[PDB]
Structure formats: C-alpha cells, structure tokens
Amino acid sequence: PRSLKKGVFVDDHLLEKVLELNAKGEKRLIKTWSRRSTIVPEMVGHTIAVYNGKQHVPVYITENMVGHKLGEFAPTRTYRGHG
Amino acid sequence: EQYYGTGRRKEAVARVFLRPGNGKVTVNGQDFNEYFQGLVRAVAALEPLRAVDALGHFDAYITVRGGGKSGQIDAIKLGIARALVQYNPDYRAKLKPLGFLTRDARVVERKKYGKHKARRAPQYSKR
Amino acid sequence: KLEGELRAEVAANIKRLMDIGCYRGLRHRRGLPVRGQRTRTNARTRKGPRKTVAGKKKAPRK
Amino acid sequence: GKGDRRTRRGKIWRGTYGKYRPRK
Amino acid sequence: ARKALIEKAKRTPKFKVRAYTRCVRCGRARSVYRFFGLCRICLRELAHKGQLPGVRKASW
Amino acid sequence: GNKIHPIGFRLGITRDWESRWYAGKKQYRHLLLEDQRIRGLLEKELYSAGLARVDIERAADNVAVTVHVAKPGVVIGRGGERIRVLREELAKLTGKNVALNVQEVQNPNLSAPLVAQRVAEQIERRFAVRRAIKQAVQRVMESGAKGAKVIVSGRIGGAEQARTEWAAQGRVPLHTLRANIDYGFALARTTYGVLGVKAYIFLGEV
Amino acid sequence: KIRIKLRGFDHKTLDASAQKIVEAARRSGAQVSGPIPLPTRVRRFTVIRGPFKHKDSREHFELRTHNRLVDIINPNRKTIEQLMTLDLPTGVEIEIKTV
RNA sequence: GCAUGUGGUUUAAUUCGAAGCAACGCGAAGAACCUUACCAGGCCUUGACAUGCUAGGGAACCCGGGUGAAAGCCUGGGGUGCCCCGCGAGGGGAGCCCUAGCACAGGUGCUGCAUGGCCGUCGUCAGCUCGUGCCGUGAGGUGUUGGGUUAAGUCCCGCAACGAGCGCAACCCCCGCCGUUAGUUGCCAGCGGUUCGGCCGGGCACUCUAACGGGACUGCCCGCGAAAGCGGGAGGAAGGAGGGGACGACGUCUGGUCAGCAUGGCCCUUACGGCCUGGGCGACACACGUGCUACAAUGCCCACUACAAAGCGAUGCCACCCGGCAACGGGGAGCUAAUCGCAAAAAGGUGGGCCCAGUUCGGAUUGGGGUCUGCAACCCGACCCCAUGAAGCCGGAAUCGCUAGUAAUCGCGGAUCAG
Ligand SMILES: NC(=O)OC[C@@H](O)C[C@H](NC(=O)[C@H]1NCCC[C@@H]1O)C(=O)N[C@@H](Cc1cnc(N)[nH]1)C(=O)N[C@H](C(=O)O)[C@H](O)c1cnc(Cl)[nH]1
Ligand SMILES: [Mg+2]
Ligand SMILES: [Mg+2]
Ligand SMILES: [Mg+2]
Ligand SMILES: [Mg+2]
Ligand SMILES: [Mg+2]
Ligand SMILES: [Mg+2]
Ligand SMILES: [Mg+2]
Ligand SMILES: [Mg+2]
Ligand SMILES: [Mg+2]
Ligand SMILES: [Mg+2]
Ligand SMILES: [Mg+2]
Ligand SMILES: [Mg+2]
Ligand SMILES: [Mg+2]
Ligand SMILES: [Mg+2]
Ligand SMILES: [Mg+2]
Ligand SMILES: [Mg+2]
Ligand SMILES: [Mg+2]
Ligand SMILES: [Mg+2]
Ligand SMILES: [Mg+2]
Ligand SMILES: [Mg+2]
Ligand SMILES: [Mg+2]
Ligand SMILES: [Mg+2]
Ligand SMILES: [Mg+2]
Ligand SMILES: [Mg+2]
Ligand SMILES: [Mg+2]
Ligand SMILES: [Mg+2]
Ligand SMILES: [Mg+2]
Ligand SMILES: [Mg+2]
Ligand SMILES: [Mg+2]
Ligand SMILES: [Mg+2]
Ligand SMILES: [Mg+2]
Ligand SMILES: [Mg+2]
Ligand SMILES: [Mg+2]
Ligand SMILES: [Mg+2]
Ligand SMILES: [Mg+2]
Ligand SMILES: [Mg+2]
Ligand SMILES: [Mg+2]
Ligand SMILES: [Mg+2]
Ligand SMILES: [Mg+2]
Ligand SMILES: [Mg+2]
Ligand SMILES: [Mg+2]
Ligand SMILES: [Mg+2]
Ligand SMILES: [Zn+2]
C-alpha cells in the first residue's frame, strides 16, 4: 500500500470538486478520470462517475467503501464467458 | 632454514614452507586437522611426503588463498612435492611415478552463449 | 482471535468485499485470482481441477 | 525450501533480508 | 522510431519518471545501452567500423 | 548471415580505430555522439572530394580531425577559403577547438572505401554493372595490390529479380588474421531502388 | 612525493607513455618505483547479432581501461621542468596527485 | 503448483512480427503513466522535427489569471537589444515570433515475392571451384578420383596431370609451467618494534597484478608401415589439435526482418499525421512450448565455524552507531576505487532439534497489518511481519541434455533498470 508517511493520495482536482459540493450542501453528479485517487471519508454519500477506459460509470459511495481507490468499482475489461 | 614450493590448482594458490622436526602442520594460522575439520580428502595432501618417507621428519608452514578447500588440498599436495625437490633433487625420481609434480591443467569451463552451461544445451523437446 | 471465531472474521471479510462490489470482490465471487496473477495459463489453485474443452486444428491442416 | 520466504534459504534465494535472515 | 517520439524523447516531461532513453542514432527505444546511448544494433555496427574507441571484440 | 566484418575482426591486430581517445563512463557517451555529428557532416559535405577516412583524435577540449581525401584541393578550396568555413562550422557544432587537417590519399585504387564508392557512382550513373566490377577489380590489382574483390547486390540492371554479382583476383583471405585487408562499403541509390557495394582489398601479409 | 596514475584504453600507448616517464625522471635526479601494472577494468557488452529474433547468437565486445602507477620519490625541480614538456600519446589520460 | 512465451477464445482494444528442425523466457538487456505502435474520450492543423517562400502584425524572451482529467482554449502584464542611412522624428535590415495562404514536413500504413544491411540455416560439415594441358562431336570429364592416413580436399603412394583461389590448418584472445621488466591501493618469507589487526618499521623474496618473452617439433626410444602415420614408453608443467575461445567456403532455404536503420513502388494529409488523460498489451471454459520450486532423512530447521572467482559503484556503492520482530528509516565515515563499499559466498564443517508424518516435507492461495520506489501501485510493482498451509508421496503414451573439470549440484555478478 501507499507508505504511511505521505498519507493517502487523492488528486487535488477531484478533492476540489467535492469540497465545493460539501461546503455548499449540494449533491450533483461528478465525473472524473482519476481512478487512482484514494477515498477520504469526505466523499461519503456522494456519487462519482469514474472512467473505465470507455465510459464514466456511477459509483455511489457508502461508508464501508472508504479505504479503497475509486477504480475498484469500475472494472476495466468486459467478460461474459467463452461461448 | 627452509624449503619452499609453490603449488596452485584451479583458482587456488598454496604456499608451502618446509622445516624438519616433528610432523605438525599449519595452514593459515590453524592446525592442518582443524582447518580441514571434517574433510576426508584432506589426508591426501600429505601423500607427497609419505611416498618418499619423510612424514614426521618435517613440519609445515602453509598458506592457501583462492578456490575451495579441496582445490587448496591438491595445491598444497603439489606445493609439498615442489618443495621436496628444492631440498633433494633426487626425490623427483620417487615422485614422478605417481606424478606428484604435475599441475592439474583441469579447470572450470567458460559458459557459452545459447547454452545453459558450456555444454548443457537448452531442451529441444517435442517436434 | 483464534479458531472458528477467526474463520468468522476472514469469511465475513471477503463477504464485505463482495457486498461492496469492488474488483477484489468480483475476483472472489468468480473464483479467480485476486492479488493479480495471470489466468491464461496456471491460476489452478483458484479454479480447482482443469475443465478441458474443445479446440481447433493448427497450424497447417492438422 | 527456496520458495519458503520464512527460511534463510527462503531469503537467500529471494535476495532479501528479514527476521528470518538478518544483516549482522 | 517514429519521428515525434524521438523528439518527445528529448522533451523534459511533466514528471521525472517519464524519462526514457532511445538510440542517439536510429532512435530505437528498446535495447539502449547507457554508456553509449546506442542500441545493441548500432553498437554492433559502429563497433565493427572501429568508431567506438577502445571497443575491441571479446574472446576468452 | 555469414561472414564477419573484415575490419572489426582484424581490429587491434592489423587494423586501427577511427576514433582514438580515452573517456570515463561519465564523458564517453557524448564525446562519442560528438564524433558522430562530425563524421555526419564531413561525410555529406565532402562526397565531392572522395573521402576515405575521418580520424578523430582527442585531448581535453581538443579535437584533431584528420580527413583522408582523394582530391585534397576540393577539401581545401580555392584561396584556402573552403577549409576555414569547415573549421568554423565544425567548431560551431562542436563548441570546441577543432583542428581539421587534410591528408592526400595518394592512391584511390587501393582504398576499398573509395573503390566501393567509385563503383556505386558508376552504378547510379546507370553504367553496366558486370563490367563496372571487373574493371574496378582490374584497377585495384594493377596498382600493387595482392588481392581484391567487389560485390554488388540488389536489383541489378532494372531487374525484378534481385541478384548478386561479384568478382575477384589474387588472394582475399578473410580468415587470415595477419592479412591486411581493406574493406569499404558504398550504397547506390536508384530510381529502381538501392544496391550495396562491398569491396575487399588484400594489401599485404604482416 | 609525486604519484602518477596512467589510465588509457590501448595498452601499447599506455605502456609506451609510462616508459617516457620512467626515463624522464631518471635524467633529472631522482629514484623511482617502476611502472606498476594495476589491474584492468573490463566492461563487456553482449549484443544479439541479428536485428530481429535469433537470440541464440550473440557477439561479445569488451572495453579494457588499463592502469599503470608510477612514483617518483625524491622529486627535484629539474624533474618537473622536463615533464610539462612531454605529451606524446593521444589515448592516454594522466592525473597527477602530489601525495 | 507457480513463473514466463504461444495457440485459441474473449474483448471497446487484448498493437505488431516470429510458425517443423532453424517460431514458442524468441524481437523485449526491464509494458503502472512513459515506453506504446491498440481502444475510448477531449484536443492541434505549415503541424512535436527540416529547408524555405508570398502578405501583413511583431524585438527575442519573461511572468500571472480564467476553463479543464490533462492537452488545449481564451486572456493580463513586464521587455525594446543588434546591423545600415539620419542632426532628429524615423525609414530600411538580420535574426526570432504570430496570423493567413503555398511549396512541404509527419505516417511503426502495404508490399522482406521490388531491395540494401544484418542474421538463422544445412554446417566448423569438408567441401566449392578456376588457369593452362589432356580426354571426348558434344553436355562434360580429368585434376578433387583410387589405396593408406587425418578432426580435415590433413598429409603419403599412385595416377594425364601441374598448379592456384575460397575453405581446413596457421597468424589473435583466455586457461595450464617457467623467464625478464614492474613493487602500489597487492604481498609477508627471515628480521626490528606490536594495542595481536601485516597493525608499524623495513623489505620484494613469495602470492599476485599485467606487459613482453621462452617452451612442443612425432624431437627422443621401442614395435608396425614403401611413405604419411598409428600403437606403446621416457624425460616434461604440458604429448601427439594440451583445454576453451574468437574465426562460417561456392551456395541452399523466393528462410527472417519495410516495426532498428536505410530504401523502389502503392496508399493517408483538419488524418492512417500530432498532443493528452484513462483503458489495453496482464483478458481465461481450455491446449502446447521453456523453465522455477517441490514431493523429503545422501533430507529439513536453528545456531556456531571455514574456502571463491568475476564484476559493479562519488547523480552511486553505502562500512559503523541508533530506532524497529523485520522490510526499512534517521544519523554518518571511507571510496572518482588492487585502498572504501556492494559482500553473507551457498553447498561444506561442528553442535542440537524433527523421526516417516501431507510431516519442523511443499510453500501455492487467501485474510490482516507495514515498508520503499514513483506525480500516481484499483486494473498492474517488489519487499517485510502475523495468520492461512492448496496441489504435490517421484509423473501415462511419448520425449531432452551431457563423453571430464563435462553432467549433476551450490551460491555470486552484470547488462536493461525510479522501481
Ligand atoms: N514439417 C514436417 O514435415 O511435418 C512434421 C509433422 O508436424 C507432421 C504432422 N504430424 C501431426 O500433426 C501428428 N503429431 C501429433 C499430433 C497430431 C498428429 O497426430 C502433420 O501435420 N501430419 C499430417 C496431418 C494432416 C492430416 N490431414 C491433413 N490435411 N493434414 C500432414 O499434414 N502431412 C502433410 C502432407 O500430407 O503433405 C505434410 O505437408 C507432409 C508432407 N510430407 C510429409 Cl512426410 N508430411
Ligand atoms: Mg485544478
Ligand atoms: Mg559451473
Ligand atoms: Mg574460466
Ligand atoms: Mg533461449
Ligand atoms: Mg539457473
Ligand atoms: Mg519448510
Ligand atoms: Mg521513419
Ligand atoms: Mg522508464
Ligand atoms: Mg553466402
Ligand atoms: Mg545479398
Ligand atoms: Mg552460431
Ligand atoms: Mg502476438
Ligand atoms: Mg507488419
Ligand atoms: Mg521483462
Ligand atoms: Mg499505456
Ligand atoms: Mg498514452
Ligand atoms: Mg549613428
Ligand atoms: Mg533607434
Ligand atoms: Mg516516410
Ligand atoms: Mg527473403
Ligand atoms: Mg513473414
Ligand atoms: Mg577438342
Ligand atoms: Mg568434390
Ligand atoms: Mg573441421
Ligand atoms: Mg587444402
Ligand atoms: Mg615477528
Ligand atoms: Mg610499507
Ligand atoms: Mg602469455
Ligand atoms: Mg617417423
Ligand atoms: Mg581457421
Ligand atoms: Mg517469403
Ligand atoms: Mg506481452
Ligand atoms: Mg499442463
Ligand atoms: Mg535493532
Ligand atoms: Mg540502512
Ligand atoms: Mg553454511
Ligand atoms: Mg546432525
Ligand atoms: Mg492430496
Ligand atoms: Mg512421504
Ligand atoms: Mg562431443
Ligand atoms: Mg542472479
Ligand atoms: Mg544493477
Ligand atoms: Zn540504434
């Protein structure tokens, strides 16, 4: 995991959009590309559409899904089975 | 007073110093038998003496560096024989029969490319 | 925390992950590797024994 | 036991040091 | 060795870590030797020409 | 996938390097590329003068570029002007004190790189390829040489079928190490495509 | 008092140059520890021969930086005034440290 | 069982080539972004790069805001240099910049069956040929064949042949013995001083380091043979090519590669060019190839104790102290290095444990907690510690390697490289 000295990593510009959405009490959909961002408890209850290489898919953020990074909730490849 | 002989064997170099007396032998600041603690081969190193009958009539101050201990053994073993002749040029006659003056030319073979090992070719298996 | 009381926590830990709907979740669900291994070969301890299927005729003719 | 990362052999082969094969 | 990527190669990039070497000659990305800034093709070629100084052919 | 570059084989035994200097790991990378930028330019700018070798000796902030050329006047220039222009443009691209001297390849018939070239030109100028070769090899042996060999390969003539022509006289002992053997290679660039000329010249047993 | 290291690629020129320095220090009034052959640091390179595939053929090149030490104890002035007048091989680097 | 490559299938994309030996740990000696050629999305259009040209606006250049995932898009200020004419206002000009338009650049788009170069290959196999003479109407033969010998078209005898060229051999490198020159950062034999470390004096003997040399020729003896040469012995460190390297003949494969580079021809030019962010190359009902680790007692674990070589490193290797189970972190000496370091060599040796068990064998898989690199470890890094402790009890039909310091076995280094 990420070293504990440097805290966690979220892209400033996603963290940006939420603080404005919090410090105004608004719950409007967000889209981003930075899968790579951790999930601070500040994001909780929001909805973030994240890129999976093709589209943005909504990801409602509940409590228990905080330690993780956003990408874990939009798989990148499509699988059915073999026929 | 001393008699020297320089024995090498396969990346090992032995420095043999002979001085008559009891029979005791030092390698690298330890007793011969403590240095080669549990090595069977070790005894062979003192075959050059035994085959001229001068074991006991000498001591040895020896040093080795390089190789594994066995390599050091056949190097000492050379070095002693090399030394028995600077002392007594007539000893050659006794040693050359079993060829104790012969530097073992044998040595580790260059790893060659496209092999795994110099010879050990990679496996061809199936079709 | 020991015995079956520990089996509890590990079990309900994976359970969490599936219920979350995260990647490691799906991998657990579908019985695939989880820490990121290859699957085009090996990956056997996760999928148990080998369910051989049909296949084709390569490369020239037969 | 070269695959066993809890032996001297284990760390010897992985080229690492740990509890089970420390430096000095 | 598409032209742009030889130039991009030189562009000091947004992060220290997109630093990558190509061959000062062909521009080849892949088998590039630090020490010469040449690939293992170019190395071979210039070595035979005699234009890499003190670079002999080995043999032991 | 056959024969070894006759030079790199003999290199250090019967044949010398075209760059002679020392450099530690730190500096080498760039003094190399600096040489290659020099040899890049002088090669373009002097094809007219028929140039065999570009020697690059080096000190510290010093470069002794010896240029080996058939027609040494063409390099010099009328008045002495052309050489000054080079030396400045050199010391521009180098940013060091370039010391460019000129050396008269007294006999282009025993310079493989030149024999090579002369043929390639001939091939470009649309000359008969077979004759072109026998007649080149000819000229080489006529001038002392102990052996010689020229290989043109590619779309010979117009030719849909790319083949290979070659010819030799005397001994050209590519296996014999002590054999001084000059090699040179020329590339002919043509409306129908590109062909390569190798020329080997056996010069003397050492 | 004056210690000269000699590092170059070609060992003929390297060795030659060092003779031109063992004698320079003689004809000027001093004794000398001879040209000592320090070990030589080889840099090997192992390129695949062909351009594409065919990994099972390589070619081995090396880069041999040769090292000679030379010491001039009892260093006079008629010594130094015969050293900054030499320089005769090109591919040899000199470094002088009065230690 | 796992690591990699591949077939297939799947996919928005799983970039592309390699395809019997001679494709499959192969191009890749380093795919998280980059690489990167594929896919999705947002962007630029004389373009990220070359040399220019016509017309206008500008010194070049420097810093800040807006929007944005970034790219890009819009916008604010600072700045007036140089060359010529002039007293000056100022006109002209070089360079660089922007806008419009034109030559054009760019293309890892196609064709390796249009090519160069380089390589794989039969094959380090002993062959492939030419001048003259000779045989034959001629294609062609002779020589090169035959008998002996050889690793060898290597030599001997023979012969219508006598030679020669490319090949074999030799000249080059490493290893094995000795010499001369050389004494530091290496070395310690007798000696002086010792904090017991070659540490200090001192010395180069020895080891070594590394530059030049000597040495081996079937030379000697016996036996066989017209000869070449073969068997055996002596002296010798080495004996009949002493061991290993580099070195690939005329040609074959329409072999490989337009994706290293180069290049003919065909194709695209606000798109097949270029920038970016994200995804992919890592997908998984399956199949093969190459390998790692094992299935254990000639073993496993823990402790103590020995003996290497080759490399690498002053943007780095990091000794020693400290915290920490540890990865590692903080402090910090030496070293541009025969000095300082990486560095513990592991098998081995001595002691003790386990006692035939899916085990103190095996270490997959997963849960949890950390470390480091990196803008960033979800897809997809390695490492540490706790817990989990799968298959596997020596492998069917088939099949591979190796003839001596070889195989088997055990560790060590390096290239690429932030990792
Ligand atoms: N390189 C090379 O020579 O081959 C070597 C080996 O791989 C053979 C290969 N063998 C196998 O698969 C077998 N091995 C085990 C797996 C399965 C199978 O049982 C193969 O494919 N054989 C048949 C198959 C077949 C049956 N029917 C069609 N149409 N094909 C074939 O294709 N023959 C060709 C022909 O009939 O012409 C071929 O071109 C050939 C020409 N001369 C010979 Cl001899 N062979
Ligand atoms: Mg922002
Ligand atoms: Mg070995
Ligand atoms: Mg060796
Ligand atoms: Mg291989
Ligand atoms: Mg191995
Ligand atoms: Mg175990
Ligand atoms: Mg191109
Ligand atoms: Mg990189
Ligand atoms: Mg050929
Ligand atoms: Mg060709
Ligand atoms: Mg080969
Ligand atoms: Mg593929
Ligand atoms: Mg292609
Ligand atoms: Mg890799
Ligand atoms: Mg990518
Ligand atoms: Mg990208
Ligand atoms: Mg004026
Ligand atoms: Mg003015
Ligand atoms: Mg093009
Ligand atoms: Mg082809
Ligand atoms: Mg093909
Ligand atoms: Mg006739
Ligand atoms: Mg024949
Ligand atoms: Mg042969
Ligand atoms: Mg012959
Ligand atoms: Mg004493
Ligand atoms: Mg001293
Ligand atoms: Mg020698
Ligand atoms: Mg005879
Ligand atoms: Mg040969
Ligand atoms: Mg083809
Ligand atoms: Mg891949
Ligand atoms: Mg299987
Ligand atoms: Mg501690
Ligand atoms: Mg530390
Ligand atoms: Mg041990
Ligand atoms: Mg025991
Ligand atoms: Mg079982
Ligand atoms: Mg059992
Ligand atoms: Mg054999
Ligand atoms: Mg290793
Ligand atoms: Mg490294
Ligand atoms: Zn290149």
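Residues numbered from 1 in each chain as written, not as in the entry; some residues may be left out. Chains lettered and ligands numbered in written order. Part of a larger assembly, values for the part shown. Heavy atoms only, no water. Residues with missing side-chain atoms left out of burial classes, pairs and counts.

Structure determination for this PDB entry is given in the record as X-ray crystallography, at a resolution of 3.5000 Å.

Would you mind showing me how to read the overall build of chain A here?
Across its full length, chain A holds one helix and three strands. Traced from its N-terminal end to its C-terminal end, chain A shows the element sequence α-β-β-β. Across its three principal axes, chain A shows a C-alpha extent of roughly 50 × 35 × 20 Å. Among the 83 residues that make up chain A, the fraction classed as buried is 33%. Taking all contacts inside chain A whose residues are at least 6 apart in sequence as the whole, residues at least 24 apart take part in 40%. (Helix = DSSP H or I, 4+ residues; strand = E, 2+ residues; numbered from the N terminus. Buried < 20%, exposed > 50% of the residue type's maximum accessible area, 1.4 Å probe, protein only. Contact = heavy atoms within 4.5 Å.)

Sorry, what's going on with the packing of aromatic side chains here?
Taken as a whole, this structure holds 18 aromatic pairs over all chains when the rule is applied. Each ring, one from B:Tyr35 and one from B:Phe36, has its centre 4.6 Å from the other, and the planes form 80°; the classification is edge-to-face. One exposure class covers both B:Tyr35 and B:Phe36, and it is buried. Directly above the aromatic system of F:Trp21 lies the positively charged group of F:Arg58, at a separation of 5.7 Å from the ring centroid. The ring of F:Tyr200 carries F:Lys149 above its face, with NZ or CZ at 6.0 Å from the centroid. (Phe/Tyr/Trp six-rings, centres within 6.5 Å; stacked < 30°, edge-to-face > 60°. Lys NZ or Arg CZ within 6 Å of the ring centre and 35° of its normal.)

I keep staring at the protein's contact with RNA strand H and nothing clicks. Help me out?
With respect to spatial proximity, 218 residues lie near RNA strand H, and among them A:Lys5, B:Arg8, B:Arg15, D:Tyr20 and E:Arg28 are the closest. Put simply, 74% of the atoms of RNA strand H that lie within 4 Å of the protein are in sugar or phosphate. With respect to RNA strand H, the side chain of F:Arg155 contributes an N or O atom lying 3.3 Å from a sugar or linking oxygen. Top contributing element to the surface near RNA strand H by residue count: strand β2 (residues 31-42) of chain G, with 11 residues. Broken down by class, the residue content of the surface near RNA strand H amounts to 69 nonpolar, 59 polar and 90 charged. (Near = heavy atom within 4 Å. Polar contact = N/O pair within 3.5 Å; in protein donor to acceptor, adjacent residues only side chain to side chain. Nonpolar A, V, L, I, M, F, W, Y, C, P; charged D, E, K, R; others polar.)

Could you clarify how one ought to interpret the pairing of strand β3 (residues 62-69) of chain F in this entry?
In summary, the side chains of a regular strand alternate between the two faces of the sheet. All names here are of chain F. Along β3, six of the eight residues are buried, which leaves the element largely enclosed by surrounding structure. Inspection of the sheet shows strand β2 (residues 51-58) paired to β3 by seven bridges, in the antiparallel sense. Bridging from a neighbouring strand, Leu 51 pairs with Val 69 of β3. Pairing analysis gives two bridges linking β3 to strand β4 (residues 97-98), with the strands arranged parallel. Across the sheet, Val 63 pairs through a bridge with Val 98, a residue of β4. As judged from the four bridges shared by β3 and strand β5 (residues 101-104), these two strands associate in the parallel manner. Bridge pairing in β5 places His 68 opposite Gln 103. (Pairing = 2+ DSSP bridges.)

How should a positive patch on the surface be read in this particular structure?
A grouping of F:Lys25, F:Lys26, G:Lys5, G:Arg41 and G:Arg43 is seen on the molecular surface, where their side chains present a positively charged patch. Of note, F:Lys25 is situated in helix α2 (residues 25-45). What makes F:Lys25 exposed here is its relative accessible area of 56%. (Patch = residues over 30% accessible without salt bridge, like charges linked within 9 Å, V, L, I, M, F, W, Y side chains within 5 Å. Areas by Shrake-Rupley, 256 points an atom, 1.4 Å probe, with all protein chains shown as cover. Salt bridge = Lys/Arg side-chain N within 4 Å of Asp/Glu carboxyl O. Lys, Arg positive; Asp, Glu negative; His and termini not counted. Charge placed at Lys NZ, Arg CZ, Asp CG, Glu CD.)

Any chance you could explain the interface of chain G and chain E here in plain terms?
For an interface, size is often stated in terms of accessible area lost upon the parts coming together. Contact with chain G, which involves 16 residues of that partner, is made by 17 residues of chain E. Note on chain G versus chain E: buried area summed over both sides is about 1700 Å², and carbon and sulfur give 60% of it. Its largest share of buried area at the contact with chain E, chain G owes to G:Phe45, G:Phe61 and G:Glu62, together 30% of the area lost on that side. Taken together, the connections running from chain G to chain E amount to three salt bridges. The closest approach of N and O atoms between G:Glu59 and E:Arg44, which form a salt bridge, is 2.0 Å. Applying the counting criterion to the chain G and chain E interface returns eight residue pairs in polar contact. In terms of residues, the side of chain G that touches chain E owes the most to one element, strand β4 (residues 58-73) of chain G, which gives six residues. Across the side of chain G that touches chain E, the residue classes break down as seven nonpolar, three polar and six charged. (Buried area = accessible area lost by both parts, 1.4 Å probe.)

Sorry if this is basic, but what is going on with the pattern of salt bridges here?
Oppositely charged side chains may form a pair once their charged atoms are brought near each other. On inspection of all chains with the given rule, the structure shows 40 salt bridges over all chains. We note a salt bridge from C:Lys15 to C:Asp19, for which the minimum N-O separation is 2.9 Å. In this pair, C:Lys15 and C:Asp19 are both assigned in helix α1 (residues 3-20), four residues apart and thus about one turn of the helix distant. For C:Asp19, a relative accessible area of 55% gives the class exposed. Notably, a salt bridge pairs F:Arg58 with F:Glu34, separated by 2.2 Å at the nearest N-O pair. Residue F:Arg58 is located in strand β2, and its partner F:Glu34 is located in helix α2; the two are separated by 24 residues in the primary sequence. Of the residues examined, F:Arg58 reaches a relative accessible area of 7% and is grouped as buried. On the basis of relative accessibility, which here comes to 10%, the residue F:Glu34 falls in the buried class.

Where do I start with the sheet that holds strand β6 (residues 147-154) of chain F in this structure?
Sheet strands pair by backbone hydrogen bonding; their relative direction is either parallel or antiparallel. Residues and elements named next belong to chain F. With antiparallel pairing, four strands are arranged side by side in an open sheet as β7-β6-β9-β8. Pairing within the sheet leaves two strands with one partner each, and these edge strands are β7 (163-170) and β8 (179-190). Here the strands of the sheet are splayed against their neighbours by 10° on average, with no regard to which way each runs. Where β6 lies against β7, eight bridges are found, and the strand directions are antiparallel. If you follow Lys 149 over to β7, its bridge partner there is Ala 168. (Axes fitted to C-alpha atoms, helices over the stretch in contact; angles between N-to-C directions.)

Any chance you could explain the environment of F:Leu32 here in plain terms?
Tracing the sequence through the fold places F:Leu32 in helix α2. Residues F:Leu32 and F:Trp166, 134 residues apart in the sequence, show an inter-C-alpha distance of 35 Å. Among residues more than four places away in sequence, those in contact with F:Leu32 are E:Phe36, E:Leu38, E:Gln51, E:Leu52 and F:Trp21.

Which parts of the structure should I look at to understand the packing of helix α5 (residues 112-124) of chain F against helix α6 (residues 129-142) of chain F?
Angle between the axes and distance between the axes are the two parameters that describe a pair of packed helices. Residue and element names in this part refer to chain F. α6 packs onto α5 with a crossing angle of 155° between their chain directions and a minimal axis gap of 10 Å. Between α5 and α6, the angle is such that the two are roughly antiparallel. Regarding α5 and α6, the two cross each other, and that crossing is right-handed. Residue-level inspection shows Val 115, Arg 118, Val 119, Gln 122 and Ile 123 of α5 in contact with α6, the latter providing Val 129, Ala 132, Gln 135, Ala 136, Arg 139 and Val 140. A class-by-class count of the residues in the contact of α5 with α6 yields seven nonpolar, two polar and two charged. (Parallel < 35°, antiparallel > 145°, perpendicular 65-115°, else oblique. Left-handed = near helix turned anticlockwise from the far one by under 90°.)

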